[PDB]
Every structure is written in structure tokens, then in C-alpha cells.
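This document starts with two versions of one protein chain, written out as C-alpha cells and named structure 1 and structure 2.
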Structure 1
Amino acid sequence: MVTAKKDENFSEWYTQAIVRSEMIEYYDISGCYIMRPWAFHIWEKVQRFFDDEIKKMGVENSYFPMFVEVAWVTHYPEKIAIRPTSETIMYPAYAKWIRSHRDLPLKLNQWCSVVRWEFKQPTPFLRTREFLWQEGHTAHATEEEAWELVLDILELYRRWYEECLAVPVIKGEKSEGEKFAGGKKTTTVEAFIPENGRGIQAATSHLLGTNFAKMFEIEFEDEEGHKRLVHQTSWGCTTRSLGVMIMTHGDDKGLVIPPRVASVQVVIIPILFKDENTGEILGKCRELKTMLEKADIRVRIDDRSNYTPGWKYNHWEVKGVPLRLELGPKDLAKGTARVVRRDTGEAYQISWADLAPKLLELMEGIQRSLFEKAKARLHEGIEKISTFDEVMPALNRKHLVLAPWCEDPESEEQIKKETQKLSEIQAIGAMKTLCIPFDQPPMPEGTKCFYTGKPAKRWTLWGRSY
């Protein structure tokens, strides 16, 4: 079981939660972690969802080799690099494959692993040296088609997070300082970790435009015979989502997994003690499983002989199975069963004939409530502000600030440095742009930038970050 409290030692809470749920296992080489099945299941679930969705958009999956903060092979010619990202590997193929408008749009995606070999200290799931992800890359005849694909993908990532992991996130555009180098515009979804006040980027959807197109000479001819440059997008998202899910829904007893990505939604734990009604208990469990699976609920019966009922309670609690269904001899005479829901503890006595509808209802209810609570904590962690004097208070309450900004990059860099210096004084760490939210709250006519006094351009979300 898990000792530490989420809200006072967050770090050791997090690692107890991911280790004692058999999600992670540690490894020789720092910043690599073994992803055990209990996590891999969730990843498979979100993978299936995103893959179905992007296949509906006409994206096709592919595999490009891993050879081309970078890592280099030495011996067994030339040095070979391991892909940090595969722009450099894919785009020459793109330049060869595209020659006329009749070959656009071209939309490829790949699920693979990448290596980003930073020497700072890792955080499992969140900042690792090898992570699993997807990366998609499209080229279009026009910029407007490309942009709408950027936004369609960003909406998928919203769903990936909100709809599947019940994690609330913010759509926005990245500042010039923090956008992708040599992209034209970088959109993003951003999450919030309330326990340390930090923001974290959840996924990216870049509008590359034509910069790569000309570096790599990816060109096509329209219906006139004139060769134009293609407009490109790339986008991707990683196992970091799992981490953000954990930190969003964990409590002092361990994980809490939203039903939509839980591989076991209902665990049926039989109470056996002193050989009382063992055969009937086990029969009823198997019948309840049959019935619940007929309603497409994912059921496991923990009928393992070598474990105590109370051990099973705590085992599936810490693993975060959303619904536990206890069945013993009393309930055999009653035709009901006790169901405990992992997110609140509440118990219910449900009739067997009512299990399937009722359990479905409970599961929808759990998912929604995980999301709504989470969404609440997010919008209560966002302090809108007018002046820079209001920044450090909010930072110390572990919140983000939403302020008017003039949007020039020197603004951001000196804000970064100044807030890190102030942090170091108070300790005797920096605050950066998180994003420029799509949903722009009202901007009065005369409003001035919260740092420079210059005329404001847009509302911008700032805070400490990963």
C-alpha cells in the first residue's frame, strides 16, 4: 500500500504510486524506465482511440528507421544518430514522393520510441530519456488546409486528454520564444499540476508552413504546371499523458484510473473464509461476470487462491480499479452485492439483476466527476492579473497567472530571468509563458501590458513549468 500523502511530499508520493501499482520498474541506465503491463494497458487504450480518429482523417501509419541532446553509435564508417525526431529522416522521402498536386495531401503517422538524451534528472513518464510516442507529419497544397488539420489534431489531443484520461487541458498558441524553431506557429494543449503549481505541455500541433519544404526541396505542380512549395504540419504526443493522468487523479491510497482507459473496470472479489459456501460464491461470481461482459464492461474475477480478500481490496485500490464488487455468503441470501467506487469510497448495495445498467451509470458518473473536479482545480489554479507586482504572490500560492501581454520575446526572456532571481532570493524556478489561450477573456479597450506598460495584445497564461 502507499504511505506518503500526495499533498505534502509530492515526489515520493508519485513514485510510491507508480511503483506500488506495478506500473514502473527501475533500470540500470538513468532516465530509462520499464513500463509494466498495468501502465501499458492505458497506453494501448489511448493509442487505439487516437489511431481510430486519425485513420478517419485519412492519416496512414508507417515505419521509418531509427538511424540517421542527441545520441550516437560508435562501433560494432560514419557516426549514426538515433532519431530525436525524424524530420531529417522523413522529409527527403517526402521530397521524392511529392511531385504534383495529385499526390497531396500526404498524411503519415508513426508510433515509435524516441531518445532525447538530456543529462538532467528524470521524472518517470513526464521527462524520460527514452519515451514512447506518436508523431504525425502532413503536407498540403495550401496553408489553410494545413492549418485546419493542425486544429483537427489539436482537438483530438483535447479528447485524448479530457474525454479519455479525464484530464482538463487548455488549448493555446505558443509564444515566438517557446514555439518550434523553424515552424511558423505552434499550437499546444497545456495541463496543470496543482501540487507543485506547475504547467506541463500535453501535446503539440505545429504549423510548419514551407520552411522545411524549401530546406528539403519538397515541391509540387498545381493544375497550371507551376511548381509550388508544400505546406507542412507535424504533431505528436507521448506517454507523458499517463503521468499527467496519475498526478491528476491520484489520492492518498494510490492510483485512480478513469473507467474509459481502465483495462479492469470492475473487479469481482469473492469472500471465502472457513470453507463457507465456496462453490456457490464462485458460481455466482462467474455468472455476474458473464452478465456484465454482455454489457461490454471489462470484468476480472480475482479468484486467486493464495491471497486474502482484504489483500485483494488493497491491491486493486492501489492499482486504481474504478469499481470493486464484493460477494459473500450474506449477499448470497440477499440477491444483492456490495459495490465500492474507487474515487469517493461510497458503497452501494445493488441487486444482481440491476448490476449492468447500474454499474454503467456509476462508471459514466465516475468519469464525469473525475473530469469535473479536475477542471475545477485547474480553473481555481489560474489567477488573472493586471500588474507584475501580483506575480510572486500567485507563484507562491502555486498558481498560474493569466495576464495581458504585448507579446514581444524580450519581454518573456527578462521575465524568466527576473522571476528566477526573485525565487532564489525568497529561498535564501523561473516563470515562463505556458500558452496564449484560444478562448480569450474580454480585453478592455485601453489595456496595457502587465510587465512593460506597452499596449496589450492578448491574454497570456504564465507560470512555473516542467
Structure 2
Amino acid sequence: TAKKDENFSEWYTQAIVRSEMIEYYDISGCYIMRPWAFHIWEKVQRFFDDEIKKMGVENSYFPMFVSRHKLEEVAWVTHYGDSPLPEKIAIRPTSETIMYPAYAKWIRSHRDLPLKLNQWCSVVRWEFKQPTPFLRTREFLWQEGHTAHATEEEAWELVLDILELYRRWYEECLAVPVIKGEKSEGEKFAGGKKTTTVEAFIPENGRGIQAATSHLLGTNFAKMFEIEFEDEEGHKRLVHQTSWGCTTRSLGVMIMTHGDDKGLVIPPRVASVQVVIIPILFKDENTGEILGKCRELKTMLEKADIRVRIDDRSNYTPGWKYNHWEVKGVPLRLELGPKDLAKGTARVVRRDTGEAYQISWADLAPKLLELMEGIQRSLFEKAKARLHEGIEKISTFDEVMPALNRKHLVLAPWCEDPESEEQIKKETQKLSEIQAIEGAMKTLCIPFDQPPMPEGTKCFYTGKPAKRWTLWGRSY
């Protein structure tokens, strides 16, 4: 009902509910993840988990509770039954304070390193602001990896390998283009040394959003938690640590990237159902001819590793089913009616473009595989083009507000001084308000891919010598 570009947030809420991905919940900021969405989480989880296992990272499970003093918008447990606890305990917002004392105990010698752990769990961040399903929620599923190394070089190497896996999670599984970069000093994880990130862009509201993160923590947590090892010469040294995480936010980004006015569009690589078979039957009927052929076609397609679901539910019209599965975002629908039975073909409609194909039964499995690769690729390339058109390369501050009013990001030469970022946030916030009467812009990332910087280029805000091209915009 709501059009994606006209009323984006209403479009989003409608799409995630009518698709049967999300059920809203009486406790604000928490959502039920139904199988249509949870299957996508399972797919990217399997991909990422298989890859980090190749790197020697091992899964674990640490408690969801942390004691008050060890933690020093956290949800506090204070009672069991009607009886108060001796001390109140917090639900994890992240697990540094839960894991790193164990790391201190475990690590004694250089022979104990590197230590590489991951866990899949949920965390709780009880912010009072209004939630956004998938993107900003009070409880969410994630994975957090935490490693420790004998040298800075090895930790940094892992940071970048994990960031590349996050690029693949988004770009290869979810067909979402992302930008690799480094966070500004004011936006990085405090208590880390350097934060790398992959950033995505939502064209409909012009907002950047952080997609995943990979931190070079350095030795600051080692000194805080006394994580030391004896080296090959017998001297005590601090470990060099990393941590990295990615959440069900990724599903939200996928939904927003590929959806259209009709509803969701799910990339074939992660879709719970890749091909829905719709028999063209009407109430009663059922002689078995058409459903028999559908079952044959399902078996044949499943032998080619295609995920297939026959919607043989009675008392829905074929058009009702077409719209139902389009709203859910199934990438291909296969229609089988009497005419198709009589000619030995089936009619296949791809979700992203609406293009229809008449395919002989014998040709179904290869053709569908081909179409699937094409849909996946096309979804990514169109989204990549939109990303490129949403970034304006500028040189002076007078170009900022116009570009933000076109719902674009800006790539601008920046001095990288931390005070200027706050200034810029405030100054853009003010200018925005003033227009509004008739909203702040921050750094998203300093991209790894740096265009050339002509000698003597000035920072777009301060006029001081610019160091690097920086990506700015409004953000989630």
C-alpha cells in the first residue's frame, strides 16, 4: 500500500509484517523473527561461521549475566521470584567484561597465542529511543569475535581478514554493496586503537548505516585486564587484541536495499524458497493432474539443489498467491495451469523485473539456475549503481547542505582533527533546523580506497591542510 519512495518508514513496517518476517511484540523494541527471516540469518551465519573456522576461530558460550562491579542503558536483574538478589546483575550489552578476565587466566606464555574465540548469541541494549525493526532494536542476535595475538601486525592482519569476510557476507550473500573504511577518532570504539567498518547507504532517506565492524584493540584491554604473556626470551608482554561483530541489522539492510513498491525482493542465495510453484486451480477441482505435475517438477528441481515450495493451499485464487509470494520476495514463481500441462511447459516470472519465460519442463532446472545467478548479480549491480549515485564528491562546505538535501552522502577532503567533526555536526544540525522551521551530519568512514589528493588541498571545513577523503552524511 505505502510506496517505498513516498513514505519509506511506513513502507518498511508494512513490508516486514506482510512478508511474515517479523511479528511485533508487546515489549517495545523486541521482535519475533519468523522463519521467513530467520532462514536468511541461518544462511549468513553458516557462511560466516564456516569462514572463521577456516581461520582457526572456535565458538564458545559465555554467560549472559555480568556482575555490577565487573561491568564497571543496561538491563538490570534485581530479583528472582519475589526475593531480591544480594547484588544486581546486568544482561550483556557486549561481552568484553565477561570474556577478558578469562583470557587473562588462560594466557600465560607465548605458546598460548594466538587465542581466537567467537560466540553467537543475543545482546540487550535498552535505549529509550524509538526502535527500528532489524536496524536498531533493544534485543538483537549477533556474533562477537574476540582474539589475542603476540604482535600488532598479526592482530591487524586478522582485523582485515574479518572485515573482508563482512564484505562477502553483505555483497556475496545479501547482494548489498558496502564501503570499507576506518572510523574517525570520535566515532571509533573508545578503548580500541583503530576501528574498521563496512558502511551501507539507504537512498530513500539518504542515510548511511554501519553494516559490520572490526576493531584493532591494541594493548589497552590487555593492560586493563592484565592479559600478559611471557615471550620466547622470558619477558612479560601485553597481548594485542581484536574484536569484531555483525548483527541481524544485515537483514534490515538487505530488505531496504532490494525492496520495491510491491514488497520484498530476496536474493536467491539467501531466500528460504527460491522457486514457488503455483498451481492454477480453483476451489474444489483437484483431479490430481496439475498437482501431480507440480510434485514431479518439485522433485526434479530439488535434485538441482533448488529450494522449492508448492503453494497448494485450497480456497485462494492464483492471483492471490502471486501477490502473496511477491510480497514475501520469492525470486522466482513457476505457474502451472491446464494450458501449460497441455503444451509441456511452465511459465516462470522473476520477481526483480517481472519478466516472464516459457520454459520446457526438461529445460527447467538449468534455466532456473541461470536465472537465479542473473537475479543475484542484477540485484547487486543495481544497488551498486545506486550507491555510486548517492555519493557526491565535494571540496568546500558550501556544498554540504545542498548535497544533504538531495539525500546524498558527501566525500570531502578532511583535516581529520576531532574537534572539527563535532563542529561540523553542530553546524549542520543548526543549518538543518533553520531550514526545517520554514539532522546532524557526521563521518561515516574514511574509505580504504582513497582518490588522489592534489598537493595543498584544503580541508573542506577548516581550511587547513587536508589529510584524507572522508565520507560524511546523515546516519542511523
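C-alpha atoms forming the largest set that superposes within 1.5 Å between two forms make up the rigid core. Each residue is numbered by where it sits in the sequence of structure 1, with counting from 1.
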{"property": "Cα displacement of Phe273 between structures 1 and 2 reaching 2 Å, rigid core superposed", "result": "yes"}
{"property": "Core-aligned CA displacement of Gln121 at least 2 Å between structures 1 and 2", "result": "no"}
{"property": "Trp97 C-alpha shift between structures 1 and 2 of 2 Å or more, rigid core reference", "result": "no"}
{"property": "Rigid core superposed, the C-alpha shift at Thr308 between structures 1 and 2 in Å", "result": "2.3"}
{"property": "Shift in Å of the C-alpha at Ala374 between structures 1 and 2 after core superposition", "result": "0.1"}
{"property": "Between structures 1 and 2, C-alpha offset at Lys284 (rigid core aligned, Å)", "result": "1.2"}
